[PDB]
There are 2 protein chains.
Amino acid sequence: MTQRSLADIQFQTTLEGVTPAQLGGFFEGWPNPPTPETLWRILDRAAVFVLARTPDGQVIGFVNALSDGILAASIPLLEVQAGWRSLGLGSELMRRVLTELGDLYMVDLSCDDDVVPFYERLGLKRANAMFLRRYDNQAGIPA
Amino acid sequence: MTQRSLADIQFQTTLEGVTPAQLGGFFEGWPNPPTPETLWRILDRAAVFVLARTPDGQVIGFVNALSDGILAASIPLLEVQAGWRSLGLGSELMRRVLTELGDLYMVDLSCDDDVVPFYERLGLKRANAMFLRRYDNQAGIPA
Ligand SMILES: CC(C)(COP(=O)(O)OP(=O)(O)OC[C@H]1O[C@@H](n2cnc3c(N)ncnc32)[C@H](O)[C@@H]1OP(=O)(O)O)[C@@H](O)C(=O)NCCC(=O)NCCS
Ligand SMILES: CC(C)(COP(=O)(O)OP(=O)(O)OC[C@H]1O[C@@H](n2cnc3c(N)ncnc32)[C@H](O)[C@@H]1OP(=O)(O)O)[C@@H](O)C(=O)NCCC(=O)NCCS
Ligand SMILES: [Ca+2]
Ligand SMILES: [Ca+2]
Ligand SMILES: [Ca+2]
Ligand SMILES: [Ca+2]
């Protein structure tokens with residue numbers, strides 16, 4: 001329950017063929033996570049996103065992005081399920097979402113100190129993220 | 001060419017009655033700024049935005065936001081024209097755009113060290129912003 005290969009991971013940028021039943025297992029460590037159904041809606045409302053799927057259709061990594069298509073984009077969420085980390089998938093998802101976004105002037109995201117090096121190795125630079133967290137709505141605004 | 005009052009500043013969240021001719025004077029300090037026509041398109045593509053206007057219809061402050069309406073939003077641009085700063089307008093624009101966004105779990109933005117206190121006084125907290133700047137496209141992706 002340990003050996004892995006990225007060789008039969010496939011990527012897609014639509015929800016065609018993806019059900020909420022295939023979006024379970026995310027939000028590791030979140031106290032009150034969006035459900036898989038809510039994740040599906042989050043993806044549907046993103047400007048762009050990238051999914052990494054095993055052959056059975058389970059989504060084991062994703063990234064989403066907000067964008068105006070003209071000047072700016074931001075990347076709210078990036079996650080690879082723990083058994084699939086350390087293979088380069090997170091970096092690959094980031095490269096793929098940047099391709100989907102195009103060469104916009106600004107692409108920005110927030111992170112904690114521990115993951116700064118992950119992002120620096122992708123070429124991102126570091127400034128201040130000012131933020132709000134409305135923890136009552138951590139599971140998402142309902143439909 | 002110095003006295004000001006916010007008393008006849010009006011706010012709006014649509015482009016009704018706003019022309020590109022009324023969106024001049026922004027991007028102070030930018031080497032290759034979006035034109036007013038491009039700014040109009042940026043606003044039109046935002047999830048939400050707030051404009052501050054004088055009685056003649058000139059826009060003298062704005063803020064925009066990207067959002068998925070479910071979990072996350074980000075604020076790419078905030079600017080008040082220099083003769084209108086130091087009256088509370090920037091803070092007011094921020095409060096108004098947060099109202100337009102609603103109580104989403106995440107609201108995030110990037111900034112330099114100098115403006116951190118402005119954002120802390122609005123209740124925002126500080127983390128790392130990881131970012132890319134594609135300076136060739138500073139004036140925006142064309143229509
Ligand atoms: C960050 C994340 C997406 C990286 O995915 P990944 O597929 O392992 O990415 P890569 O294989 O390209 O890079 C992995 C490297 O990133 C670094 N890294 C990732 N998370 C780290 C952390 N929390 N602390 C320290 N280093 C970290 C490590 O150098 C790691 O290499 P290692 O496995 O040899 O230690 C993954 O760790 C994850 O899903 N974490 C939980 C959610 C998260 O923190 N996402 C970031 C936005 S909040
Ligand atoms: C940041 C900005 C929007 C604030 O607008 P404003 O209408 O003056 O906002 P407020 O009146 O609510 O707050 C002003 C206070 O913010 C702080 N502040 C704003 N910019 C600052 C800066 N560059 N360095 C230090 N303090 C700053 C000061 O405390 C200032 O008070 P002061 O005029 O008495 O010195 C305005 O300075 C601006 O348009 N700057 C250029 C664009 C920008 O930096 N926007 C931020 C996103 S990049
Ligand atoms: Ca879509
Ligand atoms: Ca490894
Ligand atoms: Ca609109
Ligand atoms: Ca003042």
# chains A, B, ... in the order shown; residues from 1 in each chain; ligands from 1
>>> residues_near_ligand(ligand="ligand 1", cutoff="12 Å", atoms="only C-alpha atoms and all ligand atoms", output="PyMOL selection string")
(chain A and resi 5-6+25-30+52+60-64+74-95+108-122) or (chain B and resi 106+127-130)
>>> residues_near_ligand(ligand="ligand 5", cutoff="7 Å", atoms="only C-alpha atoms and all ligand atoms", output="PyMOL selection string")
chain B and resi 14+44-48
>>> write_last_selection(atoms="N, CA and C atoms", output="PDB file, in the first residue's frame")
ATOM      1  N   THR B  14     -20.786  48.805 -10.620  1.00  0.00           N
ATOM      2  CA  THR B  14     -20.999  48.474 -12.013  1.00  0.00           C
ATOM      3  C   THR B  14     -20.238  49.485 -12.869  1.00  0.00           C
ATOM      4  N   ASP B  44     -14.524  44.935 -16.036  1.00  0.00           N
ATOM      5  CA  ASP B  44     -15.615  44.146 -16.587  1.00  0.00           C
ATOM      6  C   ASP B  44     -15.401  42.651 -16.368  1.00  0.00           C
ATOM      7  N   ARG B  45     -14.158  42.202 -16.273  1.00  0.00           N
ATOM      8  CA  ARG B  45     -13.848  40.782 -16.067  1.00  0.00           C
ATOM      9  C   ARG B  45     -13.681  40.405 -14.613  1.00  0.00           C
ATOM     10  N   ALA B  46     -13.598  41.369 -13.701  1.00  0.00           N
ATOM     11  CA  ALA B  46     -13.500  41.097 -12.274  1.00  0.00           C
ATOM     12  C   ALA B  46     -14.749  40.343 -11.801  1.00  0.00           C
ATOM     13  N   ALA B  47     -14.630  39.588 -10.724  1.00  0.00           N
ATOM     14  CA  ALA B  47     -15.848  39.087 -10.065  1.00  0.00           C
ATOM     15  C   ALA B  47     -16.687  40.236  -9.550  1.00  0.00           C
ATOM     16  N   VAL B  48     -16.064  41.135  -8.795  1.00  0.00           N
ATOM     17  CA  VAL B  48     -16.694  42.323  -8.232  1.00  0.00           C
ATOM     18  C   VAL B  48     -15.653  43.424  -8.215  1.00  0.00           C
TER      19      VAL B  48
END
>>> atom_distance(atom1="CA of residue 126 in chain A", atom2="CA of residue 98 in chain A")
17.2 Å
>>> residues_around(residues="residue 16 in chain B", least_positions_apart="6", cutoff="12 Å", atoms="only C-alpha atoms", output="mmCIF file with N, CA, C and O atoms, in the first residue's frame")
data_model
loop_
_atom_site.group_PDB
_atom_site.id
_atom_site.type_symbol
_atom_site.label_atom_id
_atom_site.label_comp_id
_atom_site.auth_asym_id
_atom_site.auth_seq_id
_atom_site.Cartn_x
_atom_site.Cartn_y
_atom_site.Cartn_z
ATOM 1 N N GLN B 22 -13.125 58.260 -18.214
ATOM 2 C CA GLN B 22 -13.284 58.507 -16.794
ATOM 3 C C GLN B 22 -12.398 57.618 -15.922
ATOM 4 O O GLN B 22 -12.409 57.754 -14.713
ATOM 5 N N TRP B 40 -10.952 49.429 -18.087
ATOM 6 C CA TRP B 40 -12.377 49.173 -18.206
ATOM 7 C C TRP B 40 -12.619 47.671 -18.395
ATOM 8 O O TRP B 40 -13.470 47.063 -17.742
ATOM 9 N N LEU B 43 -11.961 45.688 -15.165
ATOM 10 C CA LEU B 43 -13.095 45.798 -14.266
ATOM 11 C C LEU B 43 -14.253 44.941 -14.723
ATOM 12 O O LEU B 43 -14.927 44.292 -13.929
ATOM 13 N N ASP B 44 -14.524 44.935 -16.036
ATOM 14 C CA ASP B 44 -15.615 44.146 -16.587
ATOM 15 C C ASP B 44 -15.401 42.651 -16.368
ATOM 16 O O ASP B 44 -16.390 41.916 -16.295
ATOM 17 N N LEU B 51 -15.895 51.343 -7.384
ATOM 18 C CA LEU B 51 -15.388 52.609 -7.881
ATOM 19 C C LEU B 51 -15.822 53.749 -6.980
ATOM 20 O O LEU B 51 -16.968 53.778 -6.543
ATOM 21 N N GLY B 57 -18.076 62.428 -12.644
ATOM 22 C CA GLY B 57 -17.985 61.085 -13.139
ATOM 23 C C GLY B 57 -16.581 60.525 -13.215
ATOM 24 O O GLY B 57 -16.436 59.324 -13.466
#
>>> select_by_dssp(residues="chain B", states="alpha helix (DSSP H)", output="PyMOL selection string")
chain B and resi 36-45+89-101+116-121
>>> atom_distance(atom1="CA of residue 142 in chain A", atom2="CA of residue 15 in chain A")
19.3 Å
>>> residues_around(residues="residue 58 in chain A", least_positions_apart="4", cutoff="8 Å", atoms="only C-alpha atoms", output="tab-separated table (two decimals) with N, CA and C atoms, in the first residue's frame")
chain	number	residue	atom	x	y	z
A	22	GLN	N	-15.49	10.86	-6.92
A	22	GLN	CA	-14.10	10.79	-7.33
A	22	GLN	C	-13.25	11.94	-6.78
A	23	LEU	N	-13.84	12.82	-5.99
A	23	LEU	CA	-13.20	14.00	-5.40
A	23	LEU	C	-13.06	13.88	-3.89
A	53	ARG	N	-5.50	12.27	-12.15
A	53	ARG	CA	-6.39	11.13	-11.93
A	53	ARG	C	-5.65	9.81	-12.14
A	54	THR	N	-5.98	8.84	-11.31
A	54	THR	CA	-5.56	7.45	-11.56
A	54	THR	C	-6.51	6.84	-12.61
>>> select_by_dssp(residues="chain B", states="strand (DSSP E or B)", output="ChimeraX atom specification")
/B:10-12,48-53,59-67,72-74,78-80,106-111,125-133
>>> write_last_selection(atoms="C-alpha atoms", output="CSV table (one decimal), in the first residue's frame")
chain,number,residue,atom,x,y,z
B,10,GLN,CA,-20.1,58.4,-4.7
B,11,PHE,CA,-19.5,54.7,-5.0
B,12,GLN,CA,-20.7,52.1,-7.5
B,48,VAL,CA,-16.7,42.3,-8.2
B,49,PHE,CA,-15.2,45.8,-8.0
B,50,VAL,CA,-15.9,49.2,-6.3
B,51,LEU,CA,-15.4,52.6,-7.9
B,52,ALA,CA,-15.2,56.0,-6.1
B,53,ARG,CA,-16.3,58.9,-8.3
B,59,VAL,CA,-13.1,57.6,-11.1
B,60,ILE,CA,-10.6,58.6,-8.5
B,61,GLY,CA,-10.3,55.3,-6.6
B,62,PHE,CA,-11.0,51.7,-7.4
B,63,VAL,CA,-10.5,48.1,-6.1
B,64,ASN,CA,-11.2,44.9,-7.9
B,65,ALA,CA,-11.5,41.2,-6.9
B,66,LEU,CA,-11.4,37.7,-8.3
B,67,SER,CA,-13.7,35.1,-6.7
B,72,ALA,CA,-11.9,32.1,-2.2
B,73,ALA,CA,-11.3,35.5,-3.4
B,74,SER,CA,-8.2,37.7,-4.1
B,78,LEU,CA,-6.4,48.9,-5.1
B,79,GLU,CA,-5.6,52.5,-5.9
B,80,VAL,CA,-6.6,56.0,-4.9
B,106,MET,CA,-10.5,33.0,2.1
B,107,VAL,CA,-9.7,36.5,0.9
B,108,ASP,CA,-6.1,37.2,0.0
B,109,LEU,CA,-3.8,39.8,-1.5
B,110,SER,CA,-0.1,40.6,-2.1
B,111,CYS,CA,1.8,43.6,-1.0
B,125,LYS,CA,-3.2,39.0,8.9
B,126,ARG,CA,0.2,38.4,7.3
B,127,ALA,CA,1.7,35.3,5.6
B,128,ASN,CA,3.9,34.7,2.5
B,129,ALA,CA,2.8,35.8,-0.9
B,130,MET,CA,4.5,33.7,-3.6
B,131,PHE,CA,4.2,35.4,-7.0
B,132,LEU,CA,5.1,35.7,-10.6
B,133,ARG,CA,5.4,39.0,-12.6
>>> closest_residue(among="A:56, A:35, A:71, A:100", to="ligand 3", atoms="only C-alpha atoms and all ligand atoms")
A:100
>>> closest_residue(among="A:69, A:55, A:33, A:24", to="chain B", atoms="only C-alpha atoms")
A:69
>>> closest_residue(among="B:99, B:141, B:123, B:105", to="residue 13 in chain B", atoms="only C-alpha atoms")
B:99
